[PDB]
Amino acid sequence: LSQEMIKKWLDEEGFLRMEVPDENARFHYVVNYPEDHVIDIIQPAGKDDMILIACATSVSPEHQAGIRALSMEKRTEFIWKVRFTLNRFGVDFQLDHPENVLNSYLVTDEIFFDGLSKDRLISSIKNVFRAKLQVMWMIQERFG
């Protein structure tokens, strides 16, 4: 019921794309914002008073191409950059950089129900997008 508001707000805005089975979640929705970009709305198993907004972004073959070319020095420099940048967007993140080559990066933000609202919901989603966007623009401005 608290989740029907969620389910409803995502459709009122043409966001929601489909629900998804999930062995470790009371529920899970796959939102499309913007365009065909994919963002996840997951309410973890144990907690029923929160929703976690996640966005998984895998660095293309095309891109870790250039990051591989750089010296180990310049890679580190880049992992440090993307790191400071994201720790500025009010989100939590996970970086996947084996040899300091960035394969993927997850941007997350949770909203508890004490403060849930359509306005709040739609904001966090948009913010998580912008957080992961700057990183995508960083790689892009460097490597095209």
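Note that residue numbering follows the sequence shown and begins at 1.
Relative to one another, 13-21 and 118-126 have unequal mean CA B-factors, and 13-21 is the one with the higher figure. Once the C-alpha B-factors are averaged per stretch, 73-81 and 33-41 rank with 33-41 first. Highest C-alpha temperature factor among 110, 96, 49, 92 per the entry: 49. When the modelled residues of the chain are ordered by C-alpha B-factor, residue 56 sits in the middle third. Per the deposited record, the Cα B-factor of residue 138 falls in the lowest third when ranked against the other modelled residues of its chain. The deposited CA B-factor of residue 67 belongs to the middle third of values across its chain.
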